[PDB]
$ cat target34.pdb   # PDB, C-alpha atoms
ATOM      1  CA  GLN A   2     143.630 -16.822  54.608
ATOM      2  CA  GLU A   3     144.943 -14.258  57.133
ATOM      3  CA  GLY A   4     144.594 -11.555  54.508
ATOM      4  CA  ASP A   5     140.823 -11.814  54.880
ATOM      5  CA  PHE A   6     141.004 -10.782  58.554
ATOM      6  CA  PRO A   7     143.111  -7.597  58.937
ATOM      7  CA  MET A   8     143.741  -6.881  62.624
ATOM      8  CA  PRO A   9     144.078  -3.532  64.462
ATOM      9  CA  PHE A  10     147.697  -2.408  64.327
ATOM     10  CA  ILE A  11     150.054  -1.948  67.249
ATOM     11  CA  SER A  12     153.267   0.017  66.918
ATOM     12  CA  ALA A  13     156.160   1.187  69.021
ATOM     13  CA  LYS A  14     156.569   4.923  68.932
ATOM     14  CA  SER A  15     160.022   4.750  70.454
ATOM     15  CA  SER A  16     162.673   2.032  70.302
ATOM     16  CA  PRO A  17     161.551  -1.515  71.096
ATOM     17  CA  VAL A  18     165.159  -2.332  72.103
ATOM     18  CA  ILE A  19     165.178  -0.966  75.612
ATOM     19  CA  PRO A  20     167.941  -0.523  78.196
ATOM     20  CA  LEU A  21     167.203  -1.920  81.621
ATOM     21  CA  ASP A  22     165.026   0.518  83.608
ATOM     22  CA  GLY A  23     164.219   2.394  80.381
ATOM     23  CA  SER A  24     160.810   3.196  78.912
ATOM     24  CA  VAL A  25     158.814   2.986  75.698
ATOM     25  CA  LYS A  26     155.683   4.449  74.138
ATOM     26  CA  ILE A  27     153.202   2.249  72.286
ATOM     27  CA  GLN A  28     150.084   2.968  70.229
ATOM     28  CA  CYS A  29     147.239   0.627  69.309
ATOM     29  CA  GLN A  30     144.678   1.269  66.584
ATOM     30  CA  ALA A  31     141.290   2.431  67.855
ATOM     31  CA  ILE A  32     138.156   0.290  67.597
ATOM     32  CA  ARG A  33     135.230   2.678  68.157
ATOM     33  CA  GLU A  34     132.891   0.110  69.680
ATOM     34  CA  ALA A  35     135.330  -0.963  72.463
ATOM     35  CA  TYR A  36     134.260   0.248  75.905
ATOM     36  CA  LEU A  37     137.784  -0.491  77.050
ATOM     37  CA  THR A  38     141.191  -0.921  75.389
ATOM     38  CA  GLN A  39     144.229  -2.048  77.411
ATOM     39  CA  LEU A  40     147.823  -2.883  76.559
ATOM     40  CA  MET A  41     148.626  -6.466  77.597
ATOM     41  CA  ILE A  42     151.886  -8.471  77.918
ATOM     42  CA  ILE A  43     151.439 -12.187  77.237
ATOM     43  CA  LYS A  44     152.771 -15.001  79.368
ATOM     44  CA  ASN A  45     152.004 -18.499  77.966
ATOM     45  CA  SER A  46     148.336 -17.884  77.189
ATOM     46  CA  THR A  47     147.618 -15.385  79.971
ATOM     47  CA  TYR A  48     147.331 -11.685  79.205
ATOM     48  CA  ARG A  49     148.177  -9.171  81.970
ATOM     49  CA  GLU A  50     147.580  -5.361  81.977
ATOM     50  CA  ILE A  51     150.747  -3.338  81.839
ATOM     51  CA  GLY A  52     151.703   0.302  81.242
ATOM     52  CA  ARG A  53     149.979   3.663  81.608
ATOM     53  CA  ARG A  54     147.215   4.827  79.291
ATOM     54  CA  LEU A  55     147.894   8.376  78.128
ATOM     55  CA  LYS A  56     144.841  10.606  78.705
ATOM     56  CA  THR A  61     142.429   9.009  68.540
ATOM     57  CA  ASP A  62     144.335   5.719  68.655
ATOM     58  CA  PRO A  63     145.056   4.769  72.280
ATOM     59  CA  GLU A  64     148.619   5.364  73.464
ATOM     60  CA  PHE A  65     150.450   3.796  76.387
ATOM     61  CA  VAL A  66     153.780   4.287  78.092
ATOM     62  CA  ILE A  67     155.787   1.678  79.962
ATOM     63  CA  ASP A  68     158.316   3.207  82.327
ATOM     64  CA  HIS A  69     161.069   1.360  84.173
ATOM     65  CA  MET A  70     161.447  -1.558  81.783
ATOM     66  CA  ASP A  71     162.752  -4.679  83.407
ATOM     67  CA  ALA A  72     163.198  -8.311  82.462
ATOM     68  CA  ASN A  73     159.628  -9.182  83.378
ATOM     69  CA  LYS A  74     158.348  -6.674  80.859
ATOM     70  CA  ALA A  75     160.394  -8.034  77.968
ATOM     71  CA  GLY A  76     158.313 -10.056  75.594
ATOM     72  CA  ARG A  77     155.138 -10.128  73.484
ATOM     73  CA  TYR A  78     152.428  -7.466  73.675
ATOM     74  CA  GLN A  79     148.900  -7.063  72.278
ATOM     75  CA  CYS A  80     146.208  -4.531  73.117
ATOM     76  CA  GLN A  81     142.989  -6.161  74.296
ATOM     77  CA  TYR A  82     139.663  -4.612  73.293
ATOM     78  CA  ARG A  83     136.478  -5.351  75.219
ATOM     79  CA  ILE A  84     133.366  -4.914  73.110
ATOM     80  CA  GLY A  85     129.850  -5.482  74.482
ATOM     81  CA  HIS A  86     129.189  -7.950  77.256
ATOM     82  CA  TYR A  87     131.236 -11.039  76.323
ATOM     83  CA  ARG A  88     133.693 -10.347  73.486
ATOM     84  CA  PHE A  89     137.449  -9.693  73.616
ATOM     85  CA  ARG A  90     139.621  -9.122  70.571
ATOM     86  CA  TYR A  91     143.272  -8.114  70.062
ATOM     87  CA  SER A  92     145.642  -5.925  68.089
ATOM     88  CA  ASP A  93     148.454  -7.618  66.211
ATOM     89  CA  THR A  94     151.566  -8.430  68.343
ATOM     90  CA  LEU A  95     154.619  -6.288  69.151
ATOM     91  CA  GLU A  96     157.934  -7.562  70.643
ATOM     92  CA  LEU A  97     160.046  -5.632  73.148
ATOM     93  CA  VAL A  98     163.522  -6.684  74.314
ATOM     94  CA  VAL A  99     165.377  -5.365  77.375
ATOM     95  CA  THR A 100     169.131  -4.915  77.185
ATOM     96  CA  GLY A 101     171.974  -4.740  79.669
ATOM     97  CA  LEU A 102     171.871  -8.359  80.959
ATOM     98  CA  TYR A 103     175.166  -9.647  79.512
ATOM     99  CA  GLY A 104     178.608  -8.157  78.735
ATOM    100  CA  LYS A 105     178.584  -6.427  75.368
ATOM    101  CA  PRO A 106     179.841  -8.207  72.249
ATOM    102  CA  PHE A 107     182.104  -6.450  69.636
ATOM    103  CA  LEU A 108     181.106  -5.148  66.188
ATOM    104  CA  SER A 109     183.694  -4.969  63.426
ATOM    105  CA  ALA A 110     183.661  -4.253  59.624
ATOM    106  CA  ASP A 111     185.432  -5.817  56.673
ATOM    107  CA  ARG A 112     186.108  -2.479  54.886
ATOM    108  CA  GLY A 113     185.878   1.325  55.317
ATOM    109  CA  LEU A 114     182.485   2.643  56.553
ATOM    110  CA  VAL A 115     182.111   5.425  53.996
ATOM    111  CA  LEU A 116     180.841   3.683  50.858
ATOM    112  CA  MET A 117     179.499   4.384  47.395
ATOM    113  CA  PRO A 118     176.143   3.026  46.241
ATOM    114  CA  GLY A 119     176.364  -0.560  45.028
ATOM    115  CA  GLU A 120     179.440  -1.477  47.058
ATOM    116  CA  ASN A 121     179.448  -4.341  49.522
ATOM    117  CA  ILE A 122     180.201  -4.418  53.232
ATOM    118  CA  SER A 123     179.867  -7.018  55.994
ATOM    119  CA  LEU A 124     179.496  -6.210  59.696
ATOM    120  CA  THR A 125     180.537  -8.943  62.150
ATOM    121  CA  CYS A 126     179.395  -9.447  65.735
ATOM    122  CA  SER A 127     181.598 -11.474  68.038
ATOM    123  CA  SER A 128     182.176 -12.105  71.738
ATOM    124  CA  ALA A 129     185.443 -13.030  73.366
ATOM    125  CA  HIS A 130     183.745 -13.845  76.680
ATOM    126  CA  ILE A 131     180.316 -15.449  76.985
ATOM    127  CA  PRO A 132     179.435 -17.685  73.966
ATOM    128  CA  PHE A 133     176.077 -16.244  73.063
ATOM    129  CA  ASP A 134     173.550 -18.418  71.151
ATOM    130  CA  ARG A 135     172.479 -15.563  68.835
ATOM    131  CA  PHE A 136     173.448 -12.128  67.624
ATOM    132  CA  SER A 137     171.272  -9.368  66.191
ATOM    133  CA  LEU A 138     172.439  -6.222  64.319
ATOM    134  CA  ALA A 139     170.310  -3.193  65.169
ATOM    135  CA  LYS A 140     170.157   0.133  63.324
ATOM    136  CA  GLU A 141     169.453   3.218  65.422
ATOM    137  CA  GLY A 142     166.023   4.722  64.725
ATOM    138  CA  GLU A 143     164.266   1.422  63.852
ATOM    139  CA  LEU A 144     160.822   0.987  65.444
ATOM    140  CA  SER A 145     160.745  -2.815  65.124
ATOM    141  CA  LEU A 146     163.216  -5.436  66.437
ATOM    142  CA  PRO A 147     166.180  -5.961  64.149
ATOM    143  CA  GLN A 148     165.686  -8.192  61.150
ATOM    144  CA  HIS A 149     169.344  -9.138  60.872
ATOM    145  CA  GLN A 150     169.714 -12.114  63.280
ATOM    146  CA  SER A 151     172.140 -15.030  63.307
ATOM    147  CA  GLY A 152     173.053 -18.141  65.254
ATOM    148  CA  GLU A 153     176.620 -18.259  63.986
ATOM    149  CA  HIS A 154     179.693 -17.096  65.803
ATOM    150  CA  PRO A 155     181.087 -14.934  64.560
ATOM    151  CA  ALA A 156     177.852 -13.679  63.069
ATOM    152  CA  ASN A 157     178.433 -11.895  59.746
ATOM    153  CA  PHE A 158     175.762  -9.627  58.180
ATOM    154  CA  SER A 159     176.217  -8.444  54.535
ATOM    155  CA  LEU A 160     174.514  -5.135  54.091
ATOM    156  CA  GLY A 161     175.162  -4.597  50.389
ATOM    157  CA  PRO A 162     174.991  -3.807  47.536
ATOM    158  CA  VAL A 163     174.401  -0.690  49.573
ATOM    159  CA  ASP A 164     172.157   2.256  48.889
ATOM    160  CA  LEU A 165     171.113   5.313  50.887
ATOM    161  CA  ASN A 166     168.841   3.272  53.208
ATOM    162  CA  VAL A 167     171.910   1.536  54.658
ATOM    163  CA  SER A 168     173.354   4.762  56.088
ATOM    164  CA  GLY A 169     172.889   4.847  59.829
ATOM    165  CA  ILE A 170     174.430   3.886  63.149
ATOM    166  CA  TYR A 171     174.677   0.183  63.917
ATOM    167  CA  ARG A 172     175.179  -1.817  67.143
ATOM    168  CA  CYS A 173     175.029  -5.543  67.755
ATOM    169  CA  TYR A 174     173.558  -7.549  70.592
ATOM    170  CA  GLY A 175     174.214 -11.012  71.893
ATOM    171  CA  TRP A 176     171.675 -13.238  73.657
ATOM    172  CA  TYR A 177     170.740 -16.797  74.566
ATOM    173  CA  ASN A 178     167.983 -18.871  73.150
ATOM    174  CA  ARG A 179     166.785 -19.666  76.667
ATOM    175  CA  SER A 180     165.551 -16.090  77.226
ATOM    176  CA  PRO A 181     164.910 -14.656  73.746
ATOM    177  CA  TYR A 182     163.924 -11.195  74.972
ATOM    178  CA  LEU A 183     166.840 -10.486  77.389
ATOM    179  CA  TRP A 184     169.833  -9.105  75.393
ATOM    180  CA  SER A 185     173.339  -7.942  76.196
ATOM    181  CA  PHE A 186     174.571  -4.354  76.569
ATOM    182  CA  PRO A 187     175.096  -3.010  73.032
ATOM    183  CA  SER A 188     178.488  -3.365  71.357
ATOM    184  CA  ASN A 189     180.478  -0.384  70.125
ATOM    185  CA  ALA A 190     178.485   1.508  67.429
ATOM    186  CA  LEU A 191     179.647   1.802  63.794
ATOM    187  CA  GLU A 192     178.331   4.576  61.616
ATOM    188  CA  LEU A 193     177.975   3.709  57.917
ATOM    189  CA  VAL A 194     177.605   6.489  55.400
ATOM    190  CA  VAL A 195     176.694   5.813  51.796
ATOM    191  CA  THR A 196     177.366   8.708  49.416
TER     192      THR A 196
END
$ encode --input "target34.pdb" --output "structure tokens"
Amino acid sequence: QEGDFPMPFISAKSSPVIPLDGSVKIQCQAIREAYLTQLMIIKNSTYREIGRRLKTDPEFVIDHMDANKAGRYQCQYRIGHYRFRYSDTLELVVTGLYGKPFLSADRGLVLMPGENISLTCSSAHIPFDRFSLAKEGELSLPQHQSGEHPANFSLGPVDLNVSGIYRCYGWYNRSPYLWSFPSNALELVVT
């Protein structure tokens, strides 16, 4: 019955796929009665403060992203004398920890609506456990993920939403939030 209990939102305002030493901006929905709101990163079941509150939905900025800051985040709201509650959860990954994989296509990148195309991520060095295909501009982690190698992602029948610049990332199941350097980028244009 989760629909009966909507939670405060949390959203990345910049890319949640972050190069090592990079930064990100995050915003949590305001809860008027909270005397304090803080952005937290979760480790097991321990929440730890992280980031800088910008001094209206609270906004935070995490500078110098490193492996320890990759993971799951939730804002924590303190209301009254003994209650804590949280925003929904956001995931941030840090990149640059493995050699980059390679992204290839099965046909020309300039396509007409309705046509099909498959992008493939592969690595000729390290045998990554998983591959993700990211589209520049996205504010959430990529939804195209695969445990196959080579990992193929069909993007069609295409439409205007498919246009964009794509890169793929390789990673290992052991550390789900530490990803490789990005592969070469492919720009798809639908028109």
$ residues_near_point --input "target34.pdb" --point "(170.2, 3.7, 65.2)" --cutoff "12 Å" --atoms "only C-alpha atoms" --output "list in words"
residues 15, 16, 17, 18, 138, 139, 140, 141, 142, 143, 144, 145, 146, 147, 167, 168, 169, 170, 171, 172, 173, 187, 190, 191, 192 and 193 of chain A
$ closest_residue --input "target34.pdb" --among "A:29, A:108, A:42, A:66" --to "residue 127 in chain A" --atoms "only C-alpha atoms"
A:108
$ resolve_selection --input "target34.pdb" --expression "the PyMOL selection byres ((chain A and resi 125) around 7)" --output "PDB file with C-alpha atoms, in the frame of the given file"
ATOM      1  CA  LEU A 108     181.106  -5.148  66.188  1.00  0.00           C
ATOM      2  CA  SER A 109     183.694  -4.969  63.426  1.00  0.00           C
ATOM      3  CA  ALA A 110     183.661  -4.253  59.624  1.00  0.00           C
ATOM      4  CA  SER A 123     179.867  -7.018  55.994  1.00  0.00           C
ATOM      5  CA  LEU A 124     179.496  -6.210  59.696  1.00  0.00           C
ATOM      6  CA  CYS A 126     179.395  -9.447  65.735  1.00  0.00           C
ATOM      7  CA  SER A 127     181.598 -11.474  68.038  1.00  0.00           C
ATOM      8  CA  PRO A 155     181.087 -14.934  64.560  1.00  0.00           C
ATOM      9  CA  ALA A 156     177.852 -13.679  63.069  1.00  0.00           C
ATOM     10  CA  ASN A 157     178.433 -11.895  59.746  1.00  0.00           C
ATOM     11  CA  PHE A 158     175.762  -9.627  58.180  1.00  0.00           C
TER      12      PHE A 158
END
$ resolve_selection --input "target34.pdb" --expression "the PyMOL selection byres ((chain A and resi 160) around 7)" --output "PDB file with C-alpha atoms, in the coordinates of the input"
ATOM      1  CA  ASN A 121     179.448  -4.341  49.522  1.00  0.00           C
ATOM      2  CA  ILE A 122     180.201  -4.418  53.232  1.00  0.00           C
ATOM      3  CA  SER A 123     179.867  -7.018  55.994  1.00  0.00           C
ATOM      4  CA  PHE A 158     175.762  -9.627  58.180  1.00  0.00           C
ATOM      5  CA  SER A 159     176.217  -8.444  54.535  1.00  0.00           C
ATOM      6  CA  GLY A 161     175.162  -4.597  50.389  1.00  0.00           C
ATOM      7  CA  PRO A 162     174.991  -3.807  47.536  1.00  0.00           C
ATOM      8  CA  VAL A 163     174.401  -0.690  49.573  1.00  0.00           C
TER       9      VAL A 163
END
$ residues_around --input "target34.pdb" --residues "residue 115 in chain A" --least-positions-apart "2" --cutoff "6 Å" --atoms "all atoms listed in the file" --output "ChimeraX atom specification"
/A:113,193-195
$ residues_around --input "target34.pdb" --residues "residue 82 in chain A" --least-positions-apart "6" --cutoff "10 Å" --atoms "only C-alpha atoms" --output "ChimeraX atom specification"
/A:9,31-40,88-92
$ closest_residue --input "target34.pdb" --among "A:47, A:100, A:185, A:166" --to "residue 72 in chain A" --atoms "all atoms listed in the file"
A:100
$ residues_around --input "target34.pdb" --residues "residue 77 in chain A" --least-positions-apart "6" --cutoff "7 Å" --atoms "only C-alpha atoms" --output "JSON, numbers by chain"
{"A": [42, 43, 94, 95, 96, 97]}
$ resolve_selection --input "target34.pdb" --expression "the PyMOL selection byres ((chain A and resi 55-65) around 7)" --output "short mmCIF file (atom, residue, chain, number, x, y, z; two decimals) with C-alpha atoms, in the frame of the given file"
data_model
loop_
_atom_site.label_atom_id
_atom_site.label_comp_id
_atom_site.auth_asym_id
_atom_site.auth_seq_id
_atom_site.Cartn_x
_atom_site.Cartn_y
_atom_site.Cartn_z
CA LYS A 26 155.68 4.45 74.14
CA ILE A 27 153.20 2.25 72.29
CA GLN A 28 150.08 2.97 70.23
CA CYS A 29 147.24 0.63 69.31
CA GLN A 30 144.68 1.27 66.58
CA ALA A 31 141.29 2.43 67.86
CA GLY A 52 151.70 0.30 81.24
CA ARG A 53 149.98 3.66 81.61
CA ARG A 54 147.22 4.83 79.29
CA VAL A 66 153.78 4.29 78.09
CA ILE A 67 155.79 1.68 79.96
#
$ closest_residue --input "target34.pdb" --among "A:13, A:136, A:111, A:179" --to "residue 149 in chain A" --atoms "all atoms listed in the file"
A:136
$ atom_distance --input "target34.pdb" --atom1 "CA of residue 85 in chain A" --atom2 "CA of residue 8 in chain A"
18.3 Å
$ atom_distance --input "target34.pdb" --atom1 "CA of residue 132 in chain A" --atom2 "CA of residue 154 in chain A"
8.2 Å
$ closest_residue --input "target34.pdb" --among "A:165, A:99, A:11, A:183" --to "residue 135 in chain A" --atoms "all atoms listed in the file"
A:183
$ atom_distance --input "target34.pdb" --atom1 "CA of residue 107 in chain A" --atom2 "CA of residue 68 in chain A"
28.6 Å
$ closest_residue --input "target34.pdb" --among "A:137, A:188, A:12, A:24" --to "residue 150 in chain A" --atoms "all atoms listed in the file"
A:137
$ decode --input "target34.pdb" --residues "range 40-74 of chain A" --atoms "N, CA, C and O atoms" --output "mmCIF file, in the first residue's frame"
data_model
loop_
_atom_site.group_PDB
_atom_site.id
_atom_site.type_symbol
_atom_site.label_atom_id
_atom_site.label_comp_id
_atom_site.auth_asym_id
_atom_site.auth_seq_id
_atom_site.Cartn_x
_atom_site.Cartn_y
_atom_site.Cartn_z
ATOM 1 N N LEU A 40 20.969 16.257 4.525
ATOM 2 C CA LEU A 40 21.180 15.262 3.496
ATOM 3 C C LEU A 40 22.047 14.187 4.133
ATOM 4 O O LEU A 40 23.073 14.503 4.736
ATOM 5 N N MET A 41 21.633 12.928 4.013
ATOM 6 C CA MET A 41 22.360 11.809 4.613
ATOM 7 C C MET A 41 22.799 10.754 3.569
ATOM 8 O O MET A 41 22.122 10.565 2.581
ATOM 9 N N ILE A 42 23.940 10.091 3.785
ATOM 10 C CA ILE A 42 24.330 8.993 2.899
ATOM 11 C C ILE A 42 24.125 7.803 3.841
ATOM 12 O O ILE A 42 24.410 7.912 5.043
ATOM 13 N N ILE A 43 23.664 6.681 3.310
ATOM 14 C CA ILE A 43 23.385 5.525 4.142
ATOM 15 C C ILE A 43 24.424 4.452 3.997
ATOM 16 O O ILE A 43 24.852 4.135 2.883
ATOM 17 N N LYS A 44 24.808 3.875 5.128
ATOM 18 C CA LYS A 44 25.797 2.806 5.156
ATOM 19 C C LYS A 44 25.127 1.736 6.036
ATOM 20 O O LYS A 44 24.915 1.964 7.232
ATOM 21 N N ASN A 45 24.797 0.584 5.457
ATOM 22 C CA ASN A 45 24.081 -0.474 6.200
ATOM 23 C C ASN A 45 22.819 0.222 6.670
ATOM 24 O O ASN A 45 22.012 0.628 5.844
ATOM 25 N N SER A 46 22.630 0.361 7.978
ATOM 26 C CA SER A 46 21.457 1.086 8.463
ATOM 27 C C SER A 46 21.865 2.281 9.312
ATOM 28 O O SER A 46 21.173 2.648 10.260
ATOM 29 N N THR A 47 23.002 2.883 8.962
ATOM 30 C CA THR A 47 23.487 4.085 9.639
ATOM 31 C C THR A 47 23.444 5.236 8.639
ATOM 32 O O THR A 47 23.857 5.099 7.482
ATOM 33 N N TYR A 48 22.925 6.370 9.082
ATOM 34 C CA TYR A 48 22.820 7.535 8.221
ATOM 35 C C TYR A 48 23.892 8.485 8.714
ATOM 36 O O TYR A 48 24.005 8.632 9.915
ATOM 37 N N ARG A 49 24.654 9.112 7.799
ATOM 38 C CA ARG A 49 25.687 10.075 8.157
ATOM 39 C C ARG A 49 25.532 11.397 7.355
ATOM 40 O O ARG A 49 25.305 11.376 6.132
ATOM 41 N N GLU A 50 25.650 12.537 8.026
ATOM 42 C CA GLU A 50 25.503 13.842 7.349
ATOM 43 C C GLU A 50 26.546 13.968 6.269
ATOM 44 O O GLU A 50 27.665 13.513 6.431
ATOM 45 N N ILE A 51 26.195 14.578 5.160
ATOM 46 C CA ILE A 51 27.181 14.774 4.115
ATOM 47 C C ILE A 51 26.747 16.007 3.328
ATOM 48 O O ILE A 51 25.579 16.391 3.398
ATOM 49 N N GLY A 52 27.683 16.654 2.631
ATOM 50 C CA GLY A 52 27.329 17.821 1.831
ATOM 51 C C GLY A 52 27.225 19.187 2.521
ATOM 52 O O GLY A 52 27.401 19.315 3.727
ATOM 53 N N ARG A 53 26.943 20.217 1.733
ATOM 54 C CA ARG A 53 26.818 21.558 2.245
ATOM 55 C C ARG A 53 25.433 22.113 1.956
ATOM 56 O O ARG A 53 25.004 22.158 0.812
ATOM 57 N N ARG A 54 24.736 22.550 2.996
ATOM 58 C CA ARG A 54 23.413 23.124 2.810
ATOM 59 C C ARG A 54 23.597 24.495 2.165
ATOM 60 O O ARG A 54 24.453 25.281 2.595
ATOM 61 N N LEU A 55 22.822 24.783 1.123
ATOM 62 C CA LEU A 55 22.932 26.081 0.477
ATOM 63 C C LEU A 55 22.056 27.039 1.276
ATOM 64 O O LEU A 55 20.903 26.714 1.580
ATOM 65 N N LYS A 56 22.596 28.201 1.635
ATOM 66 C CA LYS A 56 21.835 29.186 2.423
ATOM 67 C C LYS A 56 21.521 30.440 1.603
ATOM 68 O O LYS A 56 20.928 30.371 0.524
ATOM 69 N N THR A 61 10.641 27.157 0.114
ATOM 70 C CA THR A 61 11.944 26.832 -0.460
ATOM 71 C C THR A 61 12.397 25.431 -0.037
ATOM 72 O O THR A 61 12.638 25.170 1.146
ATOM 73 N N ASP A 62 12.514 24.540 -1.020
ATOM 74 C CA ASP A 62 12.961 23.181 -0.788
ATOM 75 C C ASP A 62 14.472 23.185 -0.525
ATOM 76 O O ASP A 62 15.246 23.675 -1.344
ATOM 77 N N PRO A 63 14.917 22.628 0.601
ATOM 78 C CA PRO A 63 16.359 22.632 0.859
ATOM 79 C C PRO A 63 17.252 22.040 -0.246
ATOM 80 O O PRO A 63 16.940 21.008 -0.845
ATOM 81 N N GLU A 64 18.352 22.731 -0.511
ATOM 82 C CA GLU A 64 19.309 22.306 -1.515
ATOM 83 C C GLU A 64 20.662 22.085 -0.906
ATOM 84 O O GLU A 64 21.079 22.829 0.005
ATOM 85 N N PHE A 65 21.356 21.057 -1.400
ATOM 86 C CA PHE A 65 22.700 20.733 -0.897
ATOM 87 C C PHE A 65 23.675 20.546 -2.047
ATOM 88 O O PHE A 65 23.287 20.327 -3.170
ATOM 89 N N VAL A 66 24.956 20.636 -1.756
ATOM 90 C CA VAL A 66 25.958 20.459 -2.781
ATOM 91 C C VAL A 66 27.029 19.587 -2.199
ATOM 92 O O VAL A 66 27.449 19.828 -1.097
ATOM 93 N N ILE A 67 27.443 18.557 -2.940
ATOM 94 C CA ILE A 67 28.524 17.691 -2.500
ATOM 95 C C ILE A 67 29.654 17.994 -3.473
ATOM 96 O O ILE A 67 29.501 17.859 -4.674
ATOM 97 N N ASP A 68 30.778 18.438 -2.944
ATOM 98 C CA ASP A 68 31.937 18.738 -3.761
ATOM 99 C C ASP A 68 32.917 17.586 -3.565
ATOM 100 O O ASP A 68 32.783 16.801 -2.629
ATOM 101 N N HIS A 69 33.902 17.490 -4.443
ATOM 102 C CA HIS A 69 34.916 16.459 -4.335
ATOM 103 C C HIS A 69 34.366 15.061 -4.069
ATOM 104 O O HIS A 69 34.634 14.463 -3.030
ATOM 105 N N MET A 70 33.610 14.540 -5.029
ATOM 106 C CA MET A 70 33.015 13.228 -4.899
ATOM 107 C C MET A 70 34.079 12.157 -4.943
ATOM 108 O O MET A 70 34.988 12.179 -5.773
ATOM 109 N N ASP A 71 34.002 11.229 -4.005
ATOM 110 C CA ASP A 71 34.976 10.151 -4.025
ATOM 111 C C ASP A 71 34.233 8.884 -3.749
ATOM 112 O O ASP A 71 33.041 8.935 -3.464
ATOM 113 N N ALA A 72 34.921 7.750 -3.852
ATOM 114 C CA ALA A 72 34.297 6.452 -3.648
ATOM 115 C C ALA A 72 33.438 6.336 -2.400
ATOM 116 O O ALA A 72 32.376 5.695 -2.416
ATOM 117 N N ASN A 73 33.871 6.942 -1.308
ATOM 118 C CA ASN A 73 33.094 6.846 -0.078
ATOM 119 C C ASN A 73 31.766 7.547 -0.158
ATOM 120 O O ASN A 73 30.881 7.287 0.643
ATOM 121 N N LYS A 74 31.625 8.455 -1.102
ATOM 122 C CA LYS A 74 30.374 9.201 -1.233
ATOM 123 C C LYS A 74 29.440 8.633 -2.286
ATOM 124 O O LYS A 74 28.385 9.229 -2.576
#
